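Enquirer: Sending over coords-v7.tsv (TSV, C-alpha atoms and all ligand atoms).
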```tsv
chain	number	residue	atom	x	y	z
M	2	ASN	CA	4.81	170.14	-19.82
M	3	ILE	CA	4.73	169.65	-15.98
M	4	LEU	CA	1.42	167.66	-16.40
M	5	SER	CA	3.31	165.06	-18.55
M	6	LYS	CA	6.04	164.63	-15.85
M	7	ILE	CA	3.29	164.39	-13.13
M	8	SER	CA	1.49	161.67	-15.20
M	9	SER	CA	4.83	159.80	-15.77
M	10	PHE	CA	5.62	159.86	-11.99
M	11	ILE	CA	2.05	158.76	-11.01
M	12	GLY	CA	2.43	155.88	-13.53
M	13	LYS	CA	5.92	154.91	-12.26
M	14	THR	CA	4.60	154.97	-8.62
M	15	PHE	CA	1.05	153.57	-9.29
M	16	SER	CA	0.97	150.97	-6.44
M	17	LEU	CA	1.82	153.63	-3.83
M	18	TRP	CA	-1.15	155.76	-5.04
M	19	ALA	CA	-3.47	152.71	-5.23
M	20	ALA	CA	-2.43	151.70	-1.66
M	21	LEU	CA	-3.02	155.33	-0.41
M	22	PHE	CA	-6.52	155.41	-1.96
M	23	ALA	CA	-7.30	151.90	-0.50
M	24	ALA	CA	-6.11	153.20	2.95
M	25	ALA	CA	-8.20	156.46	2.56
M	26	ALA	CA	-11.29	154.30	1.84
M	27	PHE	CA	-10.43	152.02	4.82
M	28	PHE	CA	-10.21	154.94	7.29
M	29	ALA	CA	-13.04	156.97	5.63
M	30	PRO	CA	-15.50	154.71	3.62
M	31	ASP	CA	-17.89	157.60	2.72
M	32	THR	CA	-15.10	159.19	0.59
M	33	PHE	CA	-15.42	156.55	-2.17
M	34	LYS	CA	-18.69	154.59	-1.48
M	35	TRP	CA	-20.44	156.90	-4.07
M	36	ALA	CA	-18.19	155.39	-6.85
M	37	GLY	CA	-19.77	151.93	-6.28
M	38	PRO	CA	-22.60	152.28	-8.89
M	39	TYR	CA	-20.06	153.80	-11.36
M	40	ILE	CA	-17.68	150.73	-11.19
M	41	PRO	CA	-18.92	149.29	-14.59
M	42	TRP	CA	-18.46	152.69	-16.33
M	43	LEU	CA	-15.01	153.13	-14.68
M	44	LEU	CA	-13.80	149.70	-15.90
M	45	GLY	CA	-15.48	150.31	-19.30
M	46	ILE	CA	-13.34	153.50	-19.69
M	47	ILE	CA	-10.16	151.43	-18.97
M	48	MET	CA	-11.18	148.74	-21.53
M	49	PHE	CA	-11.99	151.45	-24.15
M	50	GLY	CA	-8.38	152.67	-23.63
M	51	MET	CA	-6.90	149.18	-24.27
M	52	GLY	CA	-8.67	148.84	-27.67
M	53	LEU	CA	-7.72	152.47	-28.52
M	54	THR	CA	-3.99	151.56	-28.03
M	55	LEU	CA	-4.53	148.21	-29.85
M	56	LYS	CA	-3.32	148.14	-33.49
M	57	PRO	CA	-3.73	145.22	-36.03
M	58	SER	CA	0.07	144.54	-35.93
M	59	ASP	CA	-0.28	143.60	-32.19
M	60	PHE	CA	-1.69	140.26	-33.46
M	61	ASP	CA	1.17	139.57	-35.97
M	62	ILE	CA	2.86	137.11	-33.54
M	63	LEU	CA	-0.50	135.21	-33.29
M	64	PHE	CA	-0.38	134.47	-37.07
M	65	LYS	CA	3.47	134.03	-37.31
M	66	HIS	CA	3.89	131.97	-34.07
M	67	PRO	CA	0.41	130.58	-33.18
M	68	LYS	CA	1.70	127.83	-30.83
M	69	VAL	CA	3.65	130.33	-28.64
M	70	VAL	CA	0.58	132.62	-28.16
M	71	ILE	CA	-1.69	129.54	-27.55
M	72	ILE	CA	0.70	128.14	-24.84
M	73	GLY	CA	0.40	131.57	-23.13
M	74	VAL	CA	-3.43	131.51	-23.31
M	75	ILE	CA	-3.57	127.87	-22.01
M	76	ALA	CA	-1.14	128.76	-19.13
M	77	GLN	CA	-3.25	131.82	-18.20
M	78	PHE	CA	-6.59	129.83	-17.93
M	79	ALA	CA	-5.11	126.55	-16.58
M	80	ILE	CA	-2.75	127.97	-13.84
M	81	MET	CA	-4.65	130.97	-12.35
M	82	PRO	CA	-8.09	129.31	-11.90
M	83	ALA	CA	-6.51	126.00	-10.59
M	84	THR	CA	-4.21	127.96	-8.19
M	85	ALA	CA	-7.27	129.90	-6.81
M	86	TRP	CA	-9.18	126.61	-6.28
M	87	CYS	CA	-6.15	124.84	-4.66
M	88	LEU	CA	-5.48	127.75	-2.22
M	89	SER	CA	-9.23	127.92	-1.31
M	90	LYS	CA	-9.16	124.15	-0.49
M	91	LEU	CA	-5.67	124.21	1.19
M	92	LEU	CA	-6.44	127.23	3.45
M	93	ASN	CA	-10.11	126.19	4.02
M	94	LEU	CA	-11.31	129.73	3.08
M	95	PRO	CA	-14.95	130.73	3.91
M	96	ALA	CA	-17.25	130.47	0.82
M	97	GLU	CA	-17.39	134.30	0.15
M	98	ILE	CA	-13.58	134.62	0.18
M	99	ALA	CA	-13.07	131.41	-1.90
M	100	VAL	CA	-15.56	132.72	-4.54
M	101	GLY	CA	-13.66	136.09	-4.57
M	102	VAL	CA	-10.30	134.32	-5.09
M	103	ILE	CA	-11.73	131.99	-7.79
M	104	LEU	CA	-13.19	135.05	-9.59
M	105	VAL	CA	-9.71	136.76	-9.73
M	106	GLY	CA	-8.17	133.45	-10.92
M	107	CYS	CA	-10.74	133.04	-13.70
M	108	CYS	CA	-10.18	136.57	-15.05
M	109	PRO	CA	-7.94	137.24	-18.10
M	110	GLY	CA	-4.48	138.82	-17.87
M	111	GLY	CA	-3.77	142.46	-17.09
M	112	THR	CA	-2.52	145.22	-19.44
M	113	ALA	CA	0.27	146.17	-16.95
M	114	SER	CA	2.00	142.83	-17.81
M	115	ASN	CA	2.88	144.39	-21.25
M	116	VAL	CA	4.89	147.20	-19.50
M	117	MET	CA	6.41	144.74	-16.95
M	118	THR	CA	7.63	142.45	-19.82
M	119	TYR	CA	9.17	145.52	-21.55
M	120	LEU	CA	11.03	146.41	-18.32
M	121	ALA	CA	12.03	142.73	-17.75
M	122	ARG	CA	13.46	142.84	-21.38
M	123	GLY	CA	11.10	139.94	-22.22
M	124	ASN	CA	9.19	139.22	-25.46
M	125	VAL	CA	6.85	142.31	-25.57
M	126	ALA	CA	4.98	141.19	-28.75
M	127	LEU	CA	4.14	137.88	-26.98
M	128	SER	CA	2.96	139.67	-23.78
M	129	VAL	CA	0.66	142.05	-25.77
M	130	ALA	CA	-0.88	139.18	-27.82
M	131	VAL	CA	-1.46	136.86	-24.84
M	132	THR	CA	-3.30	139.65	-22.91
M	133	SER	CA	-5.40	140.54	-26.03
M	134	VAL	CA	-6.40	136.92	-26.76
M	135	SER	CA	-7.12	136.06	-23.08
M	136	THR	CA	-9.28	139.29	-22.83
M	137	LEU	CA	-11.17	138.76	-26.16
M	138	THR	CA	-11.97	135.10	-25.19
M	139	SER	CA	-12.83	135.99	-21.50
M	140	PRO	CA	-16.67	136.57	-22.22
M	141	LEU	CA	-17.01	132.77	-22.49
M	142	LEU	CA	-13.92	131.38	-20.68
M	143	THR	CA	-14.20	133.55	-17.51
M	144	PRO	CA	-17.86	132.53	-16.68
M	145	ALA	CA	-17.39	128.88	-17.81
M	146	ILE	CA	-14.22	128.37	-15.72
M	147	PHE	CA	-15.83	130.27	-12.78
M	148	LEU	CA	-18.89	127.92	-12.98
M	149	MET	CA	-16.71	124.71	-12.97
M	150	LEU	CA	-14.62	125.83	-9.96
M	151	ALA	CA	-17.02	127.89	-7.76
M	152	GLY	CA	-19.77	125.30	-8.44
M	153	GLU	CA	-22.88	124.77	-10.63
M	154	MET	CA	-24.93	126.54	-7.84
M	155	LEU	CA	-23.83	129.95	-9.22
M	156	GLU	CA	-25.22	129.27	-12.75
M	157	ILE	CA	-27.41	132.47	-12.64
M	158	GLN	CA	-24.44	134.62	-11.51
M	159	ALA	CA	-22.01	133.06	-14.05
M	160	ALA	CA	-24.56	133.56	-16.93
M	161	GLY	CA	-24.89	137.26	-15.93
M	162	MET	CA	-21.05	137.48	-15.89
M	163	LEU	CA	-21.06	136.71	-19.67
M	164	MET	CA	-23.34	139.77	-20.24
M	165	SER	CA	-21.23	141.96	-17.89
M	166	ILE	CA	-17.93	141.03	-19.67
M	167	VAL	CA	-19.56	141.83	-23.06
M	168	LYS	CA	-20.71	145.29	-21.76
M	169	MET	CA	-17.58	146.32	-19.69
M	170	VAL	CA	-14.81	144.58	-21.70
M	171	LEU	CA	-15.88	143.61	-25.31
M	172	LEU	CA	-18.18	146.60	-26.14
M	173	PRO	CA	-15.48	149.20	-25.07
M	174	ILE	CA	-12.47	147.28	-26.62
M	175	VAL	CA	-14.28	147.13	-30.03
M	176	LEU	CA	-15.44	150.82	-29.82
M	177	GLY	CA	-11.77	151.65	-29.03
M	178	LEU	CA	-10.42	149.55	-31.96
M	179	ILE	CA	-12.77	151.24	-34.50
M	180	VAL	CA	-11.59	154.73	-33.34
M	181	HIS	CA	-7.91	153.68	-33.95
M	182	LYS	CA	-8.82	152.69	-37.57
M	183	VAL	CA	-10.99	155.87	-37.98
M	184	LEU	CA	-8.44	158.50	-36.75
M	185	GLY	CA	-5.27	156.53	-37.67
M	186	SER	CA	-2.17	158.23	-36.20
M	187	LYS	CA	-4.34	161.05	-34.65
M	188	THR	CA	-5.28	158.64	-31.77
M	189	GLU	CA	-1.82	159.33	-30.18
M	190	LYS	CA	-3.17	162.64	-28.70
M	191	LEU	CA	-6.12	160.71	-27.17
M	192	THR	CA	-3.76	158.00	-25.77
M	193	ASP	CA	-1.67	160.63	-23.88
M	194	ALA	CA	-4.65	161.31	-21.53
M	195	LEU	CA	-5.20	157.53	-20.98
M	196	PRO	CA	-2.61	156.81	-18.17
M	197	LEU	CA	-4.06	159.51	-15.85
M	198	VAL	CA	-7.74	158.69	-16.68
M	199	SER	CA	-7.14	154.89	-16.25
M	200	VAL	CA	-5.23	155.38	-12.93
M	201	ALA	CA	-8.11	157.64	-11.66
M	202	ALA	CA	-10.74	155.05	-12.80
M	203	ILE	CA	-8.97	152.03	-11.12
M	204	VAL	CA	-8.26	153.90	-7.78
M	205	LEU	CA	-12.00	154.77	-7.70
M	206	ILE	CA	-12.91	151.03	-8.23
M	207	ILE	CA	-10.40	150.11	-5.42
M	208	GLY	CA	-11.68	152.92	-3.12
M	209	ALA	CA	-15.38	152.00	-3.69
M	210	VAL	CA	-14.69	148.27	-3.00
M	211	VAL	CA	-12.62	148.81	0.19
M	212	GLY	CA	-15.16	151.35	1.54
M	213	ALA	CA	-18.16	149.01	1.01
M	214	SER	CA	-16.28	146.15	2.83
M	215	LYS	CA	-14.59	147.88	5.85
M	216	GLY	CA	-16.04	145.44	8.46
M	217	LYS	CA	-15.20	142.36	6.34
M	218	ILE	CA	-11.61	143.73	5.76
M	219	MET	CA	-11.41	144.38	9.56
M	220	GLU	CA	-12.03	140.65	10.16
M	221	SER	CA	-10.46	138.87	7.12
M	222	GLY	CA	-8.29	141.50	5.33
M	223	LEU	CA	-4.96	139.99	6.41
M	224	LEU	CA	-6.03	136.46	5.30
M	225	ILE	CA	-7.18	137.87	1.92
M	226	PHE	CA	-3.79	139.64	1.51
M	227	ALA	CA	-1.84	136.39	2.25
M	228	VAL	CA	-4.02	134.46	-0.33
M	229	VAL	CA	-3.48	137.28	-2.93
M	230	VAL	CA	0.34	137.13	-2.43
M	231	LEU	CA	0.38	133.27	-2.69
M	232	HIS	CA	-2.05	133.27	-5.70
M	233	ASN	CA	0.01	135.81	-7.69
M	234	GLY	CA	3.41	134.38	-6.54
M	235	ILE	CA	2.50	130.74	-7.50
M	236	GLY	CA	1.20	132.18	-10.82
M	237	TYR	CA	4.76	133.45	-11.53
M	238	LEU	CA	6.37	130.08	-10.43
M	239	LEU	CA	4.06	127.84	-12.53
M	240	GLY	CA	4.10	130.35	-15.42
M	241	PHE	CA	7.93	130.13	-15.57
M	242	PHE	CA	8.01	126.29	-15.60
M	243	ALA	CA	5.17	126.17	-18.18
M	244	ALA	CA	7.23	128.45	-20.48
M	245	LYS	CA	10.48	126.48	-19.80
M	246	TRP	CA	8.97	122.93	-20.05
M	247	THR	CA	7.30	123.78	-23.44
M	248	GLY	CA	10.85	124.60	-24.66
M	249	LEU	CA	10.28	128.35	-25.16
M	250	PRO	CA	13.28	130.78	-25.22
M	251	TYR	CA	14.27	132.99	-22.21
M	252	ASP	CA	12.52	136.15	-23.60
M	253	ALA	CA	9.24	134.16	-23.92
M	254	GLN	CA	9.79	132.61	-20.42
M	255	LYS	CA	9.93	136.11	-18.83
M	256	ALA	CA	6.87	137.24	-20.88
M	257	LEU	CA	4.73	134.24	-19.78
M	258	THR	CA	5.82	134.27	-16.08
M	259	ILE	CA	4.56	137.89	-15.72
M	260	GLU	CA	1.55	137.14	-18.03
M	261	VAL	CA	0.24	134.30	-15.80
M	262	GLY	CA	0.82	135.97	-12.38
M	263	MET	CA	-0.62	139.37	-13.45
M	264	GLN	CA	-4.44	139.59	-13.67
M	265	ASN	CA	-7.25	141.91	-14.81
M	266	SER	CA	-8.27	142.12	-11.10
M	267	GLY	CA	-10.33	145.29	-11.75
M	268	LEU	CA	-12.66	143.09	-13.84
M	269	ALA	CA	-12.86	140.67	-10.85
M	270	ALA	CA	-13.82	143.57	-8.50
M	271	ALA	CA	-16.44	144.77	-11.06
M	272	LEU	CA	-17.95	141.26	-11.55
M	273	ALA	CA	-18.19	140.74	-7.76
M	274	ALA	CA	-19.83	144.21	-7.30
M	275	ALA	CA	-22.37	143.46	-10.10
M	276	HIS	CA	-23.16	139.77	-9.30
M	277	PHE	CA	-22.49	139.33	-5.56
M	278	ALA	CA	-23.46	142.89	-4.39
M	279	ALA	CA	-25.07	141.60	-1.11
M	280	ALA	CA	-21.63	140.09	-0.15
M	281	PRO	CA	-19.06	142.99	-0.32
M	282	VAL	CA	-16.03	140.77	0.65
M	283	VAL	CA	-16.24	138.93	-2.74
M	284	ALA	CA	-14.81	142.08	-4.49
M	285	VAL	CA	-11.96	142.38	-1.88
M	286	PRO	CA	-9.51	139.73	-3.37
M	287	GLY	CA	-9.81	141.57	-6.72
M	288	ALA	CA	-9.26	145.03	-5.14
M	289	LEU	CA	-6.14	143.96	-3.17
M	290	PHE	CA	-4.75	142.01	-6.18
M	291	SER	CA	-4.87	145.26	-8.29
M	292	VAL	CA	-2.56	146.88	-5.70
M	293	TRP	CA	-0.28	143.81	-5.10
M	294	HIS	CA	0.52	142.39	-8.60
M	295	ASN	CA	2.00	145.75	-9.76
M	296	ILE	CA	4.38	145.71	-6.70
M	297	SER	CA	5.40	142.02	-7.26
M	298	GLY	CA	5.45	142.50	-11.08
M	299	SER	CA	7.85	145.47	-10.81
M	300	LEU	CA	10.11	143.54	-8.35
M	301	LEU	CA	10.35	140.53	-10.73
M	302	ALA	CA	10.80	142.89	-13.78
M	303	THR	CA	13.50	144.91	-11.91
M	304	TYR	CA	15.43	141.68	-11.11
M	305	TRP	CA	15.32	140.70	-14.85
M	306	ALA	CA	16.16	144.23	-16.09
M	307	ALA	CA	19.19	144.21	-13.70
M	308	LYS	CA	20.22	140.68	-14.88
M	309	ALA	CA	19.95	141.67	-18.60
A	401	LIG	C1	2.88	152.52	-17.03
A	401	LIG	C2	3.07	151.92	-15.64
A	401	LIG	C3	4.52	151.38	-15.57
A	401	LIG	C4	5.46	152.53	-15.22
A	401	LIG	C5	6.87	152.25	-15.65
A	401	LIG	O1	7.12	152.12	-16.84
A	401	LIG	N1	7.84	152.15	-14.69
A	401	LIG	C6	9.27	151.89	-14.97
A	401	LIG	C7	10.11	153.10	-14.55
A	401	LIG	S1	11.73	153.07	-15.37
A	401	LIG	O2	11.62	152.66	-16.73
A	401	LIG	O3	12.76	152.61	-14.49
A	401	LIG	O4	12.09	154.54	-15.52
A	401	LIG	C8	1.99	150.85	-15.30
A	401	LIG	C9	2.21	150.25	-13.87
A	401	LIG	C10	0.82	150.16	-13.17
A	401	LIG	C11	-0.16	150.25	-14.37
A	401	LIG	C12	-1.65	150.53	-14.11
A	401	LIG	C13	-2.27	149.49	-13.15
A	401	LIG	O5	-2.02	148.12	-13.51
A	401	LIG	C14	-3.78	149.75	-12.91
A	401	LIG	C15	-4.58	149.90	-14.21
A	401	LIG	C16	-4.83	148.51	-14.80
A	401	LIG	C17	-5.75	148.68	-16.00
A	401	LIG	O6	-6.18	147.41	-16.49
A	401	LIG	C18	-5.00	149.49	-17.08
A	401	LIG	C19	-4.69	150.90	-16.56
A	401	LIG	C20	-3.93	150.89	-15.21
A	401	LIG	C21	-4.09	152.29	-14.59
A	401	LIG	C22	-2.42	150.58	-15.46
A	401	LIG	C23	-1.76	151.56	-16.45
A	401	LIG	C24	-0.24	151.31	-16.66
A	401	LIG	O7	-0.03	150.04	-17.30
A	401	LIG	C25	0.51	151.32	-15.32
A	401	LIG	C26	0.37	152.72	-14.69
A	402	LIG	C1	-15.80	155.84	-22.93
A	402	LIG	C2	-17.02	154.92	-22.96
A	402	LIG	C3	-16.61	153.45	-22.72
A	402	LIG	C4	-17.82	152.51	-22.89
A	402	LIG	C5	-18.03	151.69	-21.61
A	402	LIG	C6	-19.51	151.32	-21.46
A	402	LIG	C7	-19.73	150.28	-20.36
A	402	LIG	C8	-21.16	150.42	-19.85
A	402	LIG	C9	-21.35	149.72	-18.51
A	402	LIG	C10	-22.68	150.20	-17.95
A	402	LIG	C11	-23.34	149.08	-17.15
A	402	LIG	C12	-24.42	149.64	-16.20
A	402	LIG	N1	-25.04	148.60	-15.33
A	402	LIG	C13	-24.33	148.58	-14.04
A	402	LIG	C14	-26.44	148.98	-15.00
A	402	LIG	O1	-25.00	147.26	-15.93
A	403	LIG	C1	-8.26	134.78	-31.70
A	403	LIG	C2	-8.38	136.01	-30.81
A	403	LIG	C3	-8.99	137.17	-31.57
A	403	LIG	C4	-7.99	137.75	-32.56
A	403	LIG	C5	-8.68	138.81	-33.42
A	403	LIG	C6	-7.65	139.86	-33.84
A	403	LIG	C7	-8.12	140.65	-35.06
A	403	LIG	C8	-6.95	140.83	-36.03
A	403	LIG	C9	-7.25	140.02	-37.30
A	403	LIG	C10	-6.69	140.73	-38.55
A	403	LIG	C11	-7.84	141.33	-39.40
A	403	LIG	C12	-7.33	142.41	-40.39
A	403	LIG	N1	-7.05	141.89	-41.76
A	403	LIG	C13	-8.32	141.55	-42.45
A	403	LIG	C14	-6.40	142.91	-42.62
A	403	LIG	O1	-6.13	140.74	-41.65
A	404	HG	HG	-4.72	121.91	-3.12
A	405	NA	NA	0.70	141.03	-21.59
A	406	NA	NA	-2.60	136.35	-15.71
```
How does this structure look as structure tokens?
Ligand SMILES: C[C@H](CCC(=O)NCCS(=O)(=O)O)[C@H]1CC[C@H]2[C@@H]3[C@H](O)C[C@@H]4C[C@H](O)CC[C@]4(C)[C@H]3C[C@H](O)[C@]12C
Ligand SMILES: CCCCCCCCCCCC[N+](C)(C)[O-]
Ligand SMILES: CCCCCCCCCCCC[N+](C)(C)[O-]
Ligand SMILES: [Hg+2]
Ligand code: NA
Ligand code: NA
Expert:
Amino acid sequence: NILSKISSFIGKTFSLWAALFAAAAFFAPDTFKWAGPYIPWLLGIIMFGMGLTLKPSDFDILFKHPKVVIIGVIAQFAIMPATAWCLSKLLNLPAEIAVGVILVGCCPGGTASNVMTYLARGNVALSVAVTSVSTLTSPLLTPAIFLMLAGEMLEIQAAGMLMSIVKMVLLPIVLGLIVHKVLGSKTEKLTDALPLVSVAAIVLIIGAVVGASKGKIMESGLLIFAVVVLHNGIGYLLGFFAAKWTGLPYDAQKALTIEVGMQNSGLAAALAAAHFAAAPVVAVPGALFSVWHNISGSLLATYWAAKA
């Protein structure tokens, strides 16, 4: 039973563990540099877990309230990519950093936003459906939006991103969804192992990325951190006003604020490792975002849980 309490604590203190592993990789790169070629498999395991936990009723809100889910999807792909582009222009970021920030911005939402919405006492059904739709549509929308913002010069890289998202995100989500229909209620035993396995997989992606870019973090790490904080923070701000100005209720407003600001930044780190391998700093905005958004997401959720 102690293993369940240990898993619960690790989950409730994720960011602190992710920050420790990022620091371990920063002081000792050779501890996690071996995980680099395993990054696609590590993210694939996380995506398999999402589909495994995904049931057909998680899409009910999409058929009962299509306009609410669609506003969420539009806000995710309009705000985050535009914010990444604006900050890259505003702060005159060097090309490799700007591409890394645009990549994070073009990614779909993160699973953790579902838990943050539950803690914020927001519309959980809406949070779950927006993440699922943004993720399922990402094979086409992530490379197409990346291509428009980062520039038509990265056509080869963006085309390869479509293939990578199919292999690391779509292939595992589907394989996970079929298992849930196959085993039925028996999948609960397999979902209990998921938090620990997923945490281990993501800290290994973070560790591998930080280790491969020590020198680049030594020169631009602080600038990347400031951009990450502003990117995620502005994502909450614009996400709130998009939910409010479309006339959505308070529960939906909290769901969409978190939805927009929180990103599948592990996918961004994976896509940068696979398509811009010769430039290790490109994966850095994604790696730092995976640590940061959980900290800011819990702060915002805590404020709303205290208010309600
Ligand atoms: C379940 C966690 C939230 C913990 C929580 O509920 N805290 C509230 C405490 S309380 O009510 O006051 O008692 C969240 C926070 C950080 C999340 C993890 C991080 O976002 C990192 C990866 C992200 C991957 O895409 C999914 C797995 C994952 C490894 C996430 C699994 C899970 O959603 C975590 C671990
Ligand atoms: C639990 C299994 C989950 C299935 C995840 C499969 C994703 C495969 C990714 C391998 C990609 C290898 N690579 C880097 C050469 O493209
Ligand atoms: C539009 C984004 C993708 C949404 C796909 C979600 C699949 C759920 C569709 C329900 C299919 C099950 N059925 C046939 C019983 O309705
Ligand atoms: Hg701008
Ligand atoms: Na969500
Ligand atoms: Na998002």
Enquirer: Taking 6 positions as the minimum chain separation for residues in the same chain, which residues sit within 7 Å of region 98-110 of chain M when counting only C-alpha atoms? Answer as a list in words.
Expert: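 Those residues are residues 78, 81, 82, 85, 86, 89, 132, 135, 136, 139, 143, 146, 147, 151, 260, 261, 263, 264, 265, 266, 269, 282, 283, 284, 286 and 287 of chain M.
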Enquirer: Any chance you could tabulate, as a Markdown table, the residues of region 161-202 of chain M at most 12 Å from region 17-39 of chain M with each one's nearest atom pair and distance in Å to one decimal, using only C-alpha atoms, in chain and rising number order?
Expert:
```
| residue | atom | partner | partner_atom | distance |
| --- | --- | --- | --- | --- |
| M:169 | CA | M:39 | CA | 11.5 |
| M:197 | CA | M:18 | CA | 11.8 |
| M:199 | CA | M:19 | CA | 11.8 |
| M:200 | CA | M:19 | CA | 8.3 |
| M:201 | CA | M:19 | CA | 9.3 |
| M:202 | CA | M:39 | CA | 9.5 |
```
Enquirer: Which is closer to residue 171 (chain M) than all the others in M:137, M:205, M:225, M:62, using all atoms listed in the file?
Expert: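 Checking each candidate against residue 171 (chain M), we get M:137 as the closest.
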Enquirer: Counting all atoms listed in the file, what is within 10 Å of region 158-160 of chain M, bar same-chain residues fewer than 5 positions away, as a list in words?
Expert: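 The neighbour list is residues 140, 141, 143, 144, 145, 146, 147, 148, 149, 151, 152, 153, 165, 272, 273, 275, 276 and 277 of chain M.
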Enquirer: Name the closest residue to residue 177 (chain M) among the candidates M:302, M:11, M:4, M:51; distances are taken between atoms, counting all atoms listed in the file.
Expert: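 Residue with the minimum atom-to-atom distance to residue 177 (chain M): M:51.
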Enquirer: Mind giving me the straight-line distance from atom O6 of ligand LIG 401 (chain A) to CA of residue 114 (chain M) in Å, one decimal?
Expert: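 Here the two named atoms are 9.5 Å from each other.
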Enquirer: Hey, what's within 8 Å of region 65-74 of chain M if we count all atoms listed in the file and toss same-chain stuff fewer than 6 positions away? As a PyMOL selection string, please?
Expert: chain M and resi 127+130-131+134-135+244+249+257+260-261
Enquirer: Residues within 9 Å of residue 280 (chain M), please, as a list in words. Count only C-alpha atoms; anything in the same chain fewer than 6 positions from it doesn't count.
Expert: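 These residues fall inside the cut-off: residues 97, 214, 273 and 274 of chain M.
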Enquirer: Determine the nearest neighbour of residue 187 (chain M) from the options M:278, M:53, M:211, M:88, counting only C-alpha atoms.
Expert: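 Distance minimum relative to residue 187 (chain M) lands on M:53.
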Enquirer: Ligand LIG 401 (chain A): which residues are within 9 Å, counting all atoms listed in the file? Reply as a PyMOL selection string.
Expert: chain M and resi 9-16+19+44+47-48+50-51+110-117+119-120+195-204+263-268+291-292+294-296+298-299+303
Enquirer: Between CA of residue 224 (chain M) and CA of residue 293 (chain M), what distance in Å does the model show, to one decimal?
Expert: 14.0 Å
Enquirer: Closest to ligand NA 405 (chain A) among M:170, M:288, M:253, M:178, using only C-alpha atoms and all ligand atoms?
Expert: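 So, comparing all the options, the nearest one is M:253.
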Enquirer: Since the input lacks some atoms of region 226-237 of chain M, please model N, CA, C and O atoms and print them as a JSON list (two decimals), in the frame of the given file.
Expert:
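Result written to rebuild-v6.json:
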```json
[["chain", "number", "residue", "atom", "x", "y", "z"],
["M", 226, "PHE", "N", -5.10, 139.18, 1.97],
["M", 226, "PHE", "CA", -3.79, 139.64, 1.51],
["M", 226, "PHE", "C", -2.79, 138.49, 1.34],
["M", 226, "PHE", "O", -2.16, 138.40, 0.28],
["M", 227, "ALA", "N", -2.71, 137.57, 2.33],
["M", 227, "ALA", "CA", -1.84, 136.39, 2.25],
["M", 227, "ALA", "C", -2.19, 135.53, 1.02],
["M", 227, "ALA", "O", -1.29, 135.17, 0.27],
["M", 228, "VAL", "N", -3.51, 135.25, 0.80],
["M", 228, "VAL", "CA", -4.02, 134.46, -0.33],
["M", 228, "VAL", "C", -3.62, 135.13, -1.64],
["M", 228, "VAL", "O", -3.09, 134.45, -2.51],
["M", 229, "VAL", "N", -3.83, 136.46, -1.76],
["M", 229, "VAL", "CA", -3.48, 137.28, -2.93],
["M", 229, "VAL", "C", -2.00, 137.12, -3.28],
["M", 229, "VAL", "O", -1.68, 136.86, -4.43],
["M", 230, "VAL", "N", -1.11, 137.26, -2.28],
["M", 230, "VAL", "CA", 0.34, 137.13, -2.43],
["M", 230, "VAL", "C", 0.72, 135.72, -2.94],
["M", 230, "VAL", "O", 1.50, 135.59, -3.87],
["M", 231, "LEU", "N", 0.13, 134.67, -2.32],
["M", 231, "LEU", "CA", 0.38, 133.27, -2.69],
["M", 231, "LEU", "C", -0.20, 132.96, -4.08],
["M", 231, "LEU", "O", 0.46, 132.27, -4.86],
["M", 232, "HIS", "N", -1.39, 133.49, -4.40],
["M", 232, "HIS", "CA", -2.05, 133.27, -5.70],
["M", 232, "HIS", "C", -1.20, 133.83, -6.84],
["M", 232, "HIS", "O", -0.91, 133.12, -7.80],
["M", 233, "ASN", "N", -0.80, 135.09, -6.71],
["M", 233, "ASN", "CA", 0.01, 135.81, -7.69],
["M", 233, "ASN", "C", 1.43, 135.21, -7.80],
["M", 233, "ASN", "O", 1.89, 134.94, -8.91],
["M", 234, "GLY", "N", 2.07, 134.97, -6.65],
["M", 234, "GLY", "CA", 3.41, 134.38, -6.54],
["M", 234, "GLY", "C", 3.54, 133.01, -7.19],
["M", 234, "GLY", "O", 4.48, 132.78, -7.94],
["M", 235, "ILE", "N", 2.56, 132.09, -6.91],
["M", 235, "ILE", "CA", 2.50, 130.74, -7.50],
["M", 235, "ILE", "C", 2.23, 130.83, -9.01],
["M", 235, "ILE", "O", 2.75, 130.01, -9.78],
["M", 236, "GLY", "N", 1.48, 131.86, -9.42],
["M", 236, "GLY", "CA", 1.20, 132.18, -10.82],
["M", 236, "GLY", "C", 2.49, 132.48, -11.58],
["M", 236, "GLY", "O", 2.65, 132.04, -12.71],
["M", 237, "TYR", "N", 3.44, 133.19, -10.93],
["M", 237, "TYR", "CA", 4.76, 133.45, -11.53],
["M", 237, "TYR", "C", 5.53, 132.12, -11.64],
["M", 237, "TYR", "O", 5.94, 131.76, -12.74]]
```
